[PDB]
There are 2 protein chains.
Amino acid sequence: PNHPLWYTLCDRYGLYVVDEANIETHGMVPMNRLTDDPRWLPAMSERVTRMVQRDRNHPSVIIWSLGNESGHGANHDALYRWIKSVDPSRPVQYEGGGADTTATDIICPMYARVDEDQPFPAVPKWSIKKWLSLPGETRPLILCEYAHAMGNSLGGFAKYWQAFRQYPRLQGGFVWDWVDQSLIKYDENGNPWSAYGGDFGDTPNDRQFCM
Amino acid sequence: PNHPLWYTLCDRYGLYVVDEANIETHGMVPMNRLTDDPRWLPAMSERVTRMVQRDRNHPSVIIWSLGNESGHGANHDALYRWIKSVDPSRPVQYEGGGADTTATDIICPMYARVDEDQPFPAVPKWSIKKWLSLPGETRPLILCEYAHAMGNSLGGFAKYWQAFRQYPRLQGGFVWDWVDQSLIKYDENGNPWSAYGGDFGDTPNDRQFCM
Ligand code: NA
Ligand code: NA
Ligand code: NA
Ligand code: NA
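By the method listed in its record, X-ray crystallography, this PDB entry was determined to a resolution of 1.93 Å.

So, in C-alpha coordinates, the structure goes:
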(Lines give C-alpha, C1' and ligand atoms only; values in the text may rest on other atoms or scores of the structure.)
(Ligands and ions follow the chains in the order given, each with its own letter.)
Protein backbone atom coordinates (compact mmCIF):
# COMPACT_ATOMS: atom_id res chain seq x y z
CA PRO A 1 0.00 0.00 0.00
CA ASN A 2 1.23 3.46 -0.98
CA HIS A 3 1.46 6.78 0.85
CA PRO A 4 -2.23 7.85 1.20
CA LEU A 5 -1.87 10.94 -1.01
CA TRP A 6 -1.09 8.69 -4.01
CA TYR A 7 -4.69 7.46 -4.16
CA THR A 8 -6.02 11.03 -3.84
CA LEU A 9 -3.94 12.10 -6.84
CA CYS A 10 -4.97 9.02 -8.83
CA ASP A 11 -8.66 9.72 -8.03
CA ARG A 12 -8.31 13.33 -9.21
CA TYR A 13 -5.90 13.04 -12.16
CA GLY A 14 -7.40 9.76 -13.39
CA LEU A 15 -5.32 6.58 -13.24
CA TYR A 16 -6.49 3.01 -12.60
CA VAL A 17 -4.81 1.53 -9.52
CA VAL A 18 -3.97 -1.99 -8.43
CA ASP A 19 -3.69 -1.75 -4.65
CA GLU A 20 -1.35 -4.47 -3.39
CA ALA A 21 -0.89 -5.98 0.11
CA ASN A 22 2.55 -5.65 1.69
CA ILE A 23 3.30 -9.40 1.42
CA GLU A 24 6.37 -10.78 -0.37
CA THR A 25 8.22 -13.92 0.77
CA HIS A 26 10.32 -14.40 -2.38
CA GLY A 27 13.41 -15.72 -0.59
CA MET A 28 11.63 -18.64 1.12
CA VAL A 29 12.25 -22.19 -0.12
CA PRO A 30 9.84 -23.15 -1.55
CA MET A 31 8.28 -19.72 -2.16
CA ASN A 32 5.01 -20.63 -0.38
CA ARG A 33 6.65 -22.01 2.80
CA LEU A 34 5.13 -19.25 4.97
CA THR A 35 1.97 -18.56 2.93
CA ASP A 36 0.81 -22.19 3.16
CA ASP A 37 1.47 -22.18 6.94
CA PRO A 38 -1.56 -21.39 9.17
CA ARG A 39 0.84 -19.95 11.78
CA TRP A 40 1.44 -17.07 9.33
CA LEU A 41 -2.24 -16.52 8.41
CA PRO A 42 -2.81 -13.91 11.15
CA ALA A 43 0.18 -11.78 10.02
CA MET A 44 -0.83 -12.06 6.36
CA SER A 45 -4.50 -11.39 7.09
CA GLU A 46 -3.74 -7.98 8.64
CA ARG A 47 -1.69 -6.89 5.62
CA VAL A 48 -4.68 -7.66 3.40
CA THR A 49 -7.63 -6.64 5.62
CA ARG A 50 -6.13 -3.35 6.87
CA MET A 51 -5.33 -2.28 3.28
CA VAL A 52 -8.95 -2.89 2.27
CA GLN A 53 -10.26 -1.01 5.34
CA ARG A 54 -8.05 1.99 4.48
CA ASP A 55 -8.46 2.28 0.69
CA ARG A 56 -11.89 0.83 -0.19
CA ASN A 57 -13.49 4.25 -0.82
CA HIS A 58 -10.99 5.35 -3.50
CA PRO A 59 -12.48 5.18 -7.01
CA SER A 60 -8.96 4.93 -8.54
CA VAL A 61 -8.46 1.52 -6.89
CA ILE A 62 -10.09 -0.93 -9.32
CA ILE A 63 -8.34 -4.20 -8.40
CA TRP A 64 -7.04 -5.67 -5.13
CA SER A 65 -3.78 -7.66 -5.12
CA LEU A 66 -2.83 -10.23 -2.46
CA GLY A 67 0.86 -9.30 -2.64
CA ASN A 68 3.78 -10.49 -4.72
CA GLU A 69 6.07 -13.50 -5.16
CA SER A 70 4.98 -15.54 -2.16
CA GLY A 71 4.12 -18.75 -4.04
CA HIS A 72 0.54 -19.99 -3.69
CA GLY A 73 -0.50 -21.06 -0.19
CA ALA A 74 -3.80 -21.86 1.48
CA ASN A 75 -3.53 -18.50 3.25
CA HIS A 76 -3.93 -16.83 -0.15
CA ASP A 77 -7.19 -18.73 -0.88
CA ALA A 78 -8.57 -17.74 2.54
CA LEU A 79 -7.69 -14.08 1.98
CA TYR A 80 -8.89 -14.13 -1.64
CA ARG A 81 -12.30 -15.22 -0.36
CA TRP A 82 -12.28 -12.67 2.49
CA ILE A 83 -11.91 -9.78 -0.01
CA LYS A 84 -14.52 -11.25 -2.41
CA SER A 85 -16.91 -11.43 0.54
CA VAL A 86 -16.35 -7.92 2.00
CA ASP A 87 -15.91 -6.01 -1.29
CA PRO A 88 -17.60 -7.50 -4.37
CA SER A 89 -16.99 -4.19 -6.22
CA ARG A 90 -13.38 -5.01 -7.24
CA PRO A 91 -11.74 -8.10 -8.80
CA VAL A 92 -8.95 -9.77 -6.82
CA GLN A 93 -5.70 -10.80 -8.49
CA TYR A 94 -2.49 -12.55 -7.47
CA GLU A 95 0.39 -13.91 -9.58
CA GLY A 96 2.04 -16.38 -7.20
CA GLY A 97 2.03 -20.11 -7.89
CA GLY A 98 1.69 -19.88 -11.68
CA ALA A 99 -0.42 -16.76 -12.36
CA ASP A 100 -3.71 -18.63 -12.94
CA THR A 101 -4.47 -20.22 -9.55
CA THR A 102 -7.77 -20.32 -7.61
CA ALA A 103 -6.63 -17.13 -5.79
CA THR A 104 -6.91 -14.87 -8.89
CA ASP A 105 -9.78 -13.45 -11.01
CA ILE A 106 -7.29 -12.35 -13.68
CA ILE A 107 -4.54 -14.36 -15.36
CA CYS A 108 -1.72 -12.06 -14.31
CA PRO A 109 1.66 -13.52 -15.32
CA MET A 110 5.00 -11.74 -15.06
CA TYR A 111 7.25 -11.72 -18.16
CA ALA A 112 5.18 -14.23 -20.10
CA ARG A 113 6.18 -13.74 -23.74
CA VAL A 114 3.85 -13.01 -26.67
CA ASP A 115 4.48 -16.07 -28.87
CA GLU A 116 7.19 -17.99 -27.00
CA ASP A 117 6.29 -20.58 -24.33
CA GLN A 118 8.56 -20.97 -21.31
CA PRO A 119 7.43 -24.35 -19.94
CA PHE A 120 8.98 -24.24 -16.44
CA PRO A 121 8.03 -27.18 -14.18
CA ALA A 122 4.97 -26.45 -11.98
CA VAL A 123 4.86 -22.73 -12.83
CA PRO A 124 5.06 -22.45 -16.61
CA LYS A 125 4.88 -19.07 -18.36
CA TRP A 126 2.88 -19.82 -21.50
CA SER A 127 2.74 -17.53 -24.50
CA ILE A 128 0.00 -15.06 -23.51
CA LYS A 129 -1.96 -15.84 -26.69
CA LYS A 130 -1.73 -19.57 -25.90
CA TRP A 131 -2.56 -19.05 -22.20
CA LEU A 132 -6.02 -17.59 -22.91
CA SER A 133 -7.28 -20.67 -24.74
CA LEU A 134 -5.92 -23.47 -22.52
CA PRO A 135 -8.69 -26.06 -21.96
CA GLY A 136 -11.30 -24.68 -19.55
CA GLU A 137 -9.66 -21.25 -19.26
CA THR A 138 -12.01 -18.25 -19.54
CA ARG A 139 -10.42 -15.38 -17.55
CA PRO A 140 -8.95 -12.09 -18.86
CA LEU A 141 -5.16 -11.86 -19.02
CA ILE A 142 -3.35 -8.73 -17.83
CA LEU A 143 0.39 -9.03 -17.17
CA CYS A 144 1.25 -7.80 -13.67
CA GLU A 145 4.81 -7.26 -14.96
CA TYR A 146 6.20 -7.23 -18.52
CA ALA A 147 8.77 -5.49 -20.76
CA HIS A 148 11.55 -5.34 -18.14
CA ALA A 149 13.03 -1.88 -18.76
CA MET A 150 16.51 -2.45 -17.36
CA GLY A 151 19.15 -0.29 -19.05
CA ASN A 152 19.04 -0.41 -22.83
CA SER A 153 15.77 -2.30 -23.08
CA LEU A 154 12.14 -2.53 -24.30
CA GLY A 155 13.11 -4.54 -27.37
CA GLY A 156 9.97 -6.23 -28.67
CA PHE A 157 7.60 -3.81 -26.91
CA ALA A 158 5.54 -3.44 -30.11
CA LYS A 159 4.94 -7.21 -30.18
CA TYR A 160 2.97 -6.97 -26.90
CA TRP A 161 0.84 -4.08 -28.14
CA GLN A 162 -0.02 -5.77 -31.44
CA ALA A 163 -1.20 -8.83 -29.45
CA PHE A 164 -3.13 -6.69 -26.92
CA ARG A 165 -4.99 -4.99 -29.78
CA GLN A 166 -5.74 -8.20 -31.71
CA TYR A 167 -6.94 -10.33 -28.77
CA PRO A 168 -10.01 -9.16 -26.81
CA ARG A 169 -9.00 -11.08 -23.64
CA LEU A 170 -5.44 -9.74 -23.69
CA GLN A 171 -6.21 -6.53 -21.82
CA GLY A 172 -2.68 -5.17 -21.44
CA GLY A 173 -0.21 -5.08 -18.59
CA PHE A 174 2.03 -3.15 -16.23
CA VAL A 175 5.56 -2.39 -17.42
CA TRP A 176 8.38 -3.16 -14.97
CA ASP A 177 8.99 -0.46 -14.04
CA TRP A 178 8.61 3.31 -13.65
CA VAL A 179 11.78 4.60 -11.99
CA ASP A 180 15.39 3.43 -11.48
CA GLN A 181 16.07 2.74 -7.80
CA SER A 182 19.47 4.46 -7.93
CA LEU A 183 20.72 6.45 -4.92
CA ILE A 184 22.87 9.59 -4.72
CA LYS A 185 26.43 9.26 -3.42
CA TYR A 186 29.08 12.01 -3.47
CA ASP A 187 32.72 12.09 -4.55
CA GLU A 188 35.51 13.88 -2.60
CA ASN A 189 34.51 17.17 -4.26
CA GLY A 190 30.84 16.83 -3.26
CA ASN A 191 29.76 15.99 -6.82
CA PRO A 192 26.78 13.60 -6.88
CA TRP A 193 26.66 10.28 -8.72
CA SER A 194 24.07 7.51 -9.15
CA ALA A 195 24.76 4.43 -7.02
CA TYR A 196 23.33 0.90 -7.09
CA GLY A 197 23.67 -2.36 -5.14
CA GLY A 198 27.01 -2.85 -3.38
CA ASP A 199 27.97 0.84 -3.48
CA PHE A 200 27.23 1.24 0.25
CA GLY A 201 29.38 -1.71 1.38
CA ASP A 202 26.14 -3.73 1.36
CA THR A 203 26.85 -7.42 0.78
CA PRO A 204 25.58 -9.69 -0.55
CA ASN A 205 23.90 -7.43 -3.10
CA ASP A 206 22.38 -7.60 -6.57
CA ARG A 207 24.30 -4.69 -8.11
CA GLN A 208 22.47 -2.85 -10.96
CA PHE A 209 19.30 -5.01 -10.77
CA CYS A 210 17.58 -2.23 -8.74
CA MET A 211 17.59 -0.01 -11.85
CA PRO B 1 -21.91 -39.66 -48.30
CA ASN B 2 -19.37 -41.88 -50.06
CA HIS B 3 -19.56 -45.23 -51.81
CA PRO B 4 -20.23 -47.80 -49.01
CA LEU B 5 -16.89 -49.60 -49.45
CA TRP B 6 -14.96 -46.44 -48.48
CA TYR B 7 -16.11 -46.71 -44.85
CA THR B 8 -15.21 -50.42 -44.78
CA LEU B 9 -11.68 -49.62 -45.96
CA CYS B 10 -11.34 -46.74 -43.47
CA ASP B 11 -12.51 -49.10 -40.69
CA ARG B 12 -9.87 -51.69 -41.62
CA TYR B 13 -6.88 -49.54 -42.64
CA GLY B 14 -7.55 -46.96 -39.90
CA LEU B 15 -8.59 -43.44 -40.88
CA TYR B 16 -10.84 -41.02 -38.99
CA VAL B 17 -13.85 -40.03 -41.12
CA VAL B 18 -16.06 -36.97 -41.20
CA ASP B 19 -19.27 -38.22 -42.80
CA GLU B 20 -20.99 -35.33 -44.51
CA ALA B 21 -24.61 -34.95 -45.68
CA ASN B 22 -25.18 -34.32 -49.41
CA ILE B 23 -26.30 -30.71 -48.93
CA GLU B 24 -24.64 -27.71 -50.60
CA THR B 25 -26.56 -24.60 -51.65
CA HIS B 26 -23.53 -22.35 -52.32
CA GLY B 27 -25.07 -20.52 -55.30
CA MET B 28 -28.13 -19.19 -53.46
CA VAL B 29 -28.31 -15.52 -52.44
CA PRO B 30 -27.91 -15.29 -49.53
CA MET B 31 -26.35 -18.72 -48.95
CA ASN B 32 -29.02 -19.77 -46.42
CA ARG B 33 -32.09 -18.95 -48.58
CA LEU B 34 -33.15 -22.62 -48.81
CA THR B 35 -31.72 -23.81 -45.46
CA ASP B 36 -33.63 -21.19 -43.48
CA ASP B 37 -36.85 -22.09 -45.33
CA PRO B 38 -39.05 -24.69 -43.59
CA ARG B 39 -40.43 -25.74 -46.99
CA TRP B 40 -36.97 -27.20 -47.69
CA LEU B 41 -36.64 -28.92 -44.28
CA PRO B 42 -38.07 -32.30 -45.50
CA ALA B 43 -35.57 -32.59 -48.38
CA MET B 44 -32.67 -31.57 -46.12
CA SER B 45 -33.81 -33.90 -43.33
CA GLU B 46 -33.62 -36.98 -45.56
CA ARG B 47 -30.07 -36.20 -46.67
CA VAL B 48 -29.02 -36.06 -43.01
CA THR B 49 -31.20 -38.81 -41.48
CA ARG B 50 -30.65 -41.44 -44.20
CA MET B 51 -26.88 -40.89 -43.97
CA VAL B 52 -26.90 -41.49 -40.21
CA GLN B 53 -29.13 -44.59 -40.62
CA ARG B 54 -26.69 -46.02 -43.18
CA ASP B 55 -23.30 -45.26 -41.65
CA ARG B 56 -23.79 -45.18 -37.84
CA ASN B 57 -22.12 -48.58 -37.27
CA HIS B 58 -18.78 -47.71 -38.91
CA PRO B 59 -16.07 -47.04 -36.30
CA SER B 60 -14.11 -44.85 -38.78
CA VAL B 61 -16.90 -42.25 -38.77
CA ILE B 62 -16.05 -40.12 -35.72
CA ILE B 63 -17.82 -36.88 -36.72
CA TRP B 64 -21.10 -36.08 -38.55
CA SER B 65 -21.23 -33.03 -40.81
CA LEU B 66 -24.48 -31.30 -41.83
CA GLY B 67 -23.19 -30.48 -45.32
CA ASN B 68 -21.23 -27.66 -46.91
CA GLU B 69 -21.65 -24.01 -47.85
CA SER B 70 -25.38 -23.64 -47.32
CA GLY B 71 -25.15 -20.65 -44.98
CA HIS B 72 -26.72 -21.09 -41.55
CA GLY B 73 -30.47 -21.63 -41.42
CA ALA B 74 -33.03 -22.89 -38.91
CA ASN B 75 -33.07 -26.22 -40.77
CA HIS B 76 -29.45 -26.82 -39.71
CA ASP B 77 -30.31 -26.23 -36.02
CA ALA B 78 -33.20 -28.71 -36.23
CA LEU B 79 -31.03 -31.37 -37.92
CA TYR B 80 -28.08 -30.71 -35.61
CA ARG B 81 -30.38 -31.54 -32.68
CA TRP B 82 -31.86 -34.60 -34.44
CA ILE B 83 -28.39 -36.16 -34.77
CA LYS B 84 -27.47 -35.21 -31.16
CA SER B 85 -30.65 -36.97 -30.03
CA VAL B 86 -30.35 -40.15 -32.15
CA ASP B 87 -26.56 -40.60 -31.90
CA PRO B 88 -24.78 -39.08 -28.87
CA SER B 89 -21.59 -41.05 -29.69
CA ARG B 90 -20.29 -38.56 -32.30
CA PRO B 91 -19.85 -34.77 -32.35
CA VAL B 92 -21.78 -32.87 -35.04
CA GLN B 93 -20.04 -30.16 -37.03
CA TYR B 94 -20.98 -27.63 -39.72
CA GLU B 95 -19.02 -24.65 -41.11
CA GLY B 96 -21.83 -22.60 -42.70
CA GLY B 97 -22.73 -19.16 -41.38
CA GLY B 98 -19.35 -18.38 -39.84
CA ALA B 99 -17.98 -21.74 -38.58
CA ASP B 100 -18.91 -21.23 -34.90
CA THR B 101 -22.72 -21.22 -35.03
CA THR B 102 -25.14 -23.05 -32.73
CA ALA B 103 -25.20 -25.90 -35.27
CA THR B 104 -21.60 -27.06 -34.59
CA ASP B 105 -19.69 -28.71 -31.70
CA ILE B 106 -16.35 -27.84 -33.30
CA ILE B 107 -15.16 -24.46 -34.60
CA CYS B 108 -14.55 -25.63 -38.16
CA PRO B 109 -13.54 -22.74 -40.42
CA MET B 110 -12.32 -22.94 -43.99
CA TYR B 111 -9.06 -21.15 -44.89
CA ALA B 112 -8.81 -19.19 -41.65
CA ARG B 113 -5.18 -18.16 -41.41
CA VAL B 114 -2.76 -18.82 -38.54
CA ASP B 115 -1.91 -15.27 -37.42
CA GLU B 116 -3.84 -13.03 -39.84
CA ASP B 117 -7.45 -12.00 -39.18
CA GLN B 118 -9.86 -11.72 -42.12
CA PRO B 119 -12.70 -9.65 -40.67
CA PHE B 120 -15.41 -10.16 -43.32
CA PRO B 121 -18.81 -8.72 -42.31
CA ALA B 122 -21.12 -11.31 -40.64
CA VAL B 123 -18.77 -14.25 -41.32
CA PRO B 124 -15.24 -13.26 -40.27
CA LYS B 125 -12.34 -15.70 -40.53
CA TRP B 126 -10.36 -14.88 -37.40
CA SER B 127 -6.78 -15.98 -36.93
CA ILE B 128 -7.21 -19.54 -35.61
CA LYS B 129 -5.15 -18.76 -32.49
CA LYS B 130 -7.35 -15.73 -31.76
CA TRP B 131 -10.64 -17.52 -32.52
CA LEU B 132 -10.15 -20.04 -29.68
CA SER B 133 -10.04 -17.36 -27.00
CA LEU B 134 -12.83 -15.02 -28.13
CA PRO B 135 -14.99 -14.11 -25.11
CA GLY B 136 -17.13 -17.08 -24.08
CA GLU B 137 -15.61 -19.46 -26.65
CA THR B 138 -14.60 -22.91 -25.36
CA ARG B 139 -14.89 -25.35 -28.32
CA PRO B 140 -12.04 -27.18 -30.10
CA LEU B 141 -10.97 -25.83 -33.51
CA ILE B 142 -10.37 -28.10 -36.49
CA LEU B 143 -10.33 -26.55 -39.99
CA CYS B 144 -12.76 -28.35 -42.33
CA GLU B 145 -10.60 -26.91 -45.15
CA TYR B 146 -7.14 -25.30 -45.14
CA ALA B 147 -3.93 -25.05 -47.21
CA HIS B 148 -5.61 -24.87 -50.63
CA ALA B 149 -3.28 -27.08 -52.70
CA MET B 150 -4.06 -25.59 -56.13
CA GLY B 151 -1.09 -25.94 -58.48
CA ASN B 152 2.20 -24.66 -57.08
CA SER B 153 0.94 -24.24 -53.52
CA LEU B 154 1.14 -25.21 -49.80
CA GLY B 155 3.30 -22.17 -49.04
CA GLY B 156 3.01 -21.57 -45.28
CA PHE B 157 1.95 -25.16 -44.48
CA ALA B 158 4.56 -25.33 -41.66
CA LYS B 159 2.94 -22.33 -39.96
CA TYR B 160 -0.30 -24.27 -39.39
CA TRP B 161 1.54 -27.27 -37.98
CA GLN B 162 3.58 -25.16 -35.56
CA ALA B 163 0.31 -23.63 -34.28
CA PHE B 164 -1.44 -27.04 -34.06
CA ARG B 165 1.40 -28.42 -31.95
CA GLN B 166 1.62 -25.37 -29.66
CA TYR B 167 -2.12 -24.90 -28.92
CA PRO B 168 -4.02 -27.75 -27.22
CA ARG B 169 -7.39 -26.65 -28.69
CA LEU B 170 -6.02 -26.30 -32.25
CA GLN B 171 -6.54 -29.94 -33.16
CA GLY B 172 -5.59 -29.84 -36.85
CA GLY B 173 -7.58 -29.71 -40.06
CA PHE B 174 -8.35 -31.15 -43.47
CA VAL B 175 -6.25 -30.05 -46.46
CA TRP B 176 -8.14 -28.96 -49.58
CA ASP B 177 -7.77 -31.33 -51.23
CA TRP B 178 -6.64 -34.85 -52.16
CA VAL B 179 -6.86 -35.23 -55.93
CA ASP B 180 -7.04 -32.92 -58.98
CA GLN B 181 -10.47 -33.12 -60.62
CA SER B 182 -8.95 -33.27 -64.11
CA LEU B 183 -10.51 -35.43 -66.86
CA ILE B 184 -8.81 -37.31 -69.68
CA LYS B 185 -9.44 -36.06 -73.21
CA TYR B 186 -7.87 -37.31 -76.45
CA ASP B 187 -6.18 -35.31 -79.21
CA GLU B 188 -6.44 -35.88 -83.00
CA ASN B 189 -3.65 -38.49 -82.66
CA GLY B 190 -5.53 -40.33 -79.89
CA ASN B 191 -3.05 -39.18 -77.25
CA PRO B 192 -4.49 -38.51 -73.77
CA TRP B 193 -4.30 -35.14 -71.99
CA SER B 194 -5.65 -33.61 -68.76
CA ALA B 195 -8.64 -31.31 -69.13
CA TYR B 196 -10.38 -28.89 -66.79
CA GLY B 197 -13.37 -26.47 -66.80
CA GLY B 198 -14.43 -25.29 -70.27
CA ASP B 199 -12.67 -28.09 -72.19
CA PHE B 200 -16.00 -29.81 -72.98
CA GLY B 201 -17.75 -26.72 -74.34
CA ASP B 202 -19.18 -26.29 -70.84
CA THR B 203 -20.05 -22.66 -70.14
CA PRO B 204 -20.13 -20.81 -67.87
CA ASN B 205 -17.25 -22.64 -66.21
CA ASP B 206 -14.52 -22.08 -63.61
CA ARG B 207 -11.52 -23.29 -65.63
CA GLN B 208 -8.65 -24.83 -63.58
CA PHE B 209 -10.37 -24.24 -60.19
CA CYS B 210 -11.42 -27.92 -60.18
CA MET B 211 -7.76 -28.91 -59.77
NA1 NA C 1 -7.28 -6.80 -26.04
NA1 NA D 1 14.77 -5.30 -9.95
NA1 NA E 1 -3.17 -28.92 -30.71
NA1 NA F 1 -12.12 -26.14 -56.33
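Next, the rest of the story.
### So, the overall build of chain A
Along the backbone of chain A there are five helices and seven strands. For 211 residues, the compact-globule formula gives about 17 Å, and the C-alpha radius of gyration of chain A, at 19 Å, lands near that figure. Expressed as lengths along the three principal axes of its C-alpha atoms, the size of chain A is roughly 60 × 40 × 40 Å. A burial count over chain A gives 41% of its 211 residues as buried. When the accessible surface of chain A is split by element, carbon and sulfur atoms take 54% of a total near 12,200 Å². Taking the average location of the 20 positive side-chain charges in chain A and that of its 26 negative ones, the two points are 6 Å from each other.

### Looking at the coordination of the sodium ion (ligand 1)
Residues and elements named next belong to chain A. Distances from the sodium ion (ligand 1) to its protein donors, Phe 164 (O), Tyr 167 (O) and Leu 170 (O), fall at 2.4 Å. Sequence spacing of the donors to the sodium ion (ligand 1): F-x2-Y-x2-L. Under the relative-accessibility criterion, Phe 164 is labelled buried at 7%. Judged by its relative accessible area of 1%, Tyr 167 is buried.

### Observations regarding the interface of chain A and chain B
At the interface, 14 residues of chain A touch 14 residues of chain B. Each partner contributes to the roughly 1,100 Å² buried at the junction of chain A and chain B, and carbon and sulfur atoms together form 53% of this total. Contact with chain B buries surface across chain A, with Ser 133, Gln 166 and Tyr 167 of chain A losing the most and accounting together for 42% of the total. Inspection of the chain A/chain B interface yields ten residue pairs in polar contact. Take the side of chain A that touches chain B: its biggest share by element is three residues, from helix α4 (residues 128–132) of chain A. When its residues are assigned to classes, the side of chain A that touches chain B shows five nonpolar, four polar and five charged.

### Some remarks on the relation of the copies chain A and chain B
Once turned by 180° and shifted 0.1 Å along the axis, chain A lies on chain B with an RMSD of 0.1 Å. Expressed as an axis order, the relation between the two copies is that of a two-fold axis. Across chain A, the smallest distance between a C-alpha and the rotation axis is recorded for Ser 133 of chain A, namely 2.4 Å. An overlap of 100% is found between the interface residues of chain A and their copies at the interface of chain B, pointing to a shared contact surface.

### Topic: the sheet that holds strand β2 (residues 61–65) of chain A
All names here are of chain A. Read across the sheet, three strands follow the order β1-β2-β3 without closing on themselves; strand pairing throughout is parallel. Each end of this open sheet is capped by a strand with a single partner; those strands are β1 (17–20) and β3 (92–93). Pairing analysis gives four bridges linking β1 to β2, with the strands arranged parallel. Looking at the pairing, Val 17 lines up with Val 61 of β2.

### Some words on the packing of aromatic side chains
All names here are of chain B. Tallied over the full model, the rule gives twelve aromatic pairs over all chains. Measuring from ring centre to ring centre gives 6.4 Å for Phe 157 and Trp 161, while their planes differ by 45°; the resulting arrangement is tilted. Here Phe 157 pairs with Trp 161, and both are found in helix α5 (residues 157–166), just four residues apart, close to one helical turn. The interplanar angle of 85° and the centroid separation of 4.8 Å between the aromatic rings of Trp 161 and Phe 164 together place this pair among those described as edge-to-face. Taken together, the positions of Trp 161 and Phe 164, both in helix α5 and three residues apart, correspond to about one turn of that helix.

### Describing the layout of surface pockets
Residues and elements named next belong to chain A. Of the pockets and cavities examined, the largest pocket occupies roughly 1,800 Å³. If you go around the largest pocket, you meet 48 residues; those closest to its centre are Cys 144, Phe 174, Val 175, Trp 176 and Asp 177. Those elements that place two or more of their residues in the lining of the largest pocket are α1 (4–13), β1, β2, β4 (141–146) and β5 (170–175). For the lining of the largest pocket, the leading source of residues is β1, giving four residues. Here the residues of the lining of the largest pocket are counted per class, giving 28 nonpolar, ten polar and ten charged.

### Considering the pattern of salt bridges
Residue and element names in this part refer to chain B. Across all of its chains, the model carries 14 salt bridges over all chains by this definition. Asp 55 serves as the salt-bridge partner of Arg 54, at 2.8 Å between the closest nitrogen and oxygen. Where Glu 137 meets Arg 139, a salt bridge forms, and the shortest distance between an N and an O atom there is 2.9 Å. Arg 139 carries the same exposure label as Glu 137, and that label is buried.

### Notes on the UniProt feature "active site" in chain A
Residues and elements named next belong to chain A. Residues given the UniProt feature "active site" here are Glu 69 and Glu 145. Spanning 77 residues, the named residues form one tight spatial group whose C-alpha atoms are at most 11.7 Å apart. Among the annotated residues just listed, those that line the largest pocket are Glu 69 and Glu 145. Note on placement: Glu 69 falls in the loop between β2 and α3 (74–86). Residue classification places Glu 69 among the buried residues on the basis of a relative accessible area of 16%. When neighbours within four sequence positions are excluded, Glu 69 is seen to be in contact with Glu 24, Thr 25, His 26, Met 31, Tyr 94 and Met 110. Relative to the elements of secondary structure, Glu 145 occurs in strand β4. With relative accessibility at 9%, the residue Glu 145 sits in the buried group. A distance of 2.6 Å separates polar atoms of two side chains, one belonging to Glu 145 and the other to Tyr 111.

The rules behind each value
Residues numbered from 1 in each chain as written, not as in the entry; some residues may be left out. Chains lettered and ligands numbered in written order. Part of a larger assembly, values for the part shown. Heavy atoms only, no water. Helix = DSSP H or I, 4+ residues; strand = E, 2+ residues; numbered from the N terminus. Rg over C-alpha atoms; globule rule 2.2 N^0.38 Å. Buried < 20%, exposed > 50% of the residue type's maximum accessible area, 1.4 Å probe, protein only. Areas by Shrake-Rupley, 256 points an atom, 1.4 Å probe, with all protein chains shown as cover. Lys, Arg positive; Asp, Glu negative; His and termini not counted. Charge placed at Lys NZ, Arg CZ, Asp CG, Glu CD. Donors = N, O, S within 2.8 Å, 3.2 Å for Na, K, Ca; no water. Contact = heavy atoms within 4.5 Å. Buried area = accessible area lost by both parts, 1.4 Å probe. Polar contact = N/O pair within 3.5 Å; in protein donor to acceptor, adjacent residues only side chain to side chain. Nonpolar A, V, L, I, M, F, W, Y, C, P; charged D, E, K, R; others polar. Least-squares fit on C-alpha atoms. Pairing = 2+ DSSP bridges. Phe/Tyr/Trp six-rings, centres within 6.5 Å; stacked < 30°, edge-to-face > 60°. 1 Å grid on protein atoms, 1.4 Å probe; cavity = no way out; pocket = protein on both sides within 12 Å on 5 of 7 lines; lining within 4 Å. Points joined across faces, edges and corners; volume = space filled by probe spheres on them. Salt bridge = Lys/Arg side-chain N within 4 Å of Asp/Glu carboxyl O. UniProt positions renumbered as here; feature names shortened; annotations may be inferred.

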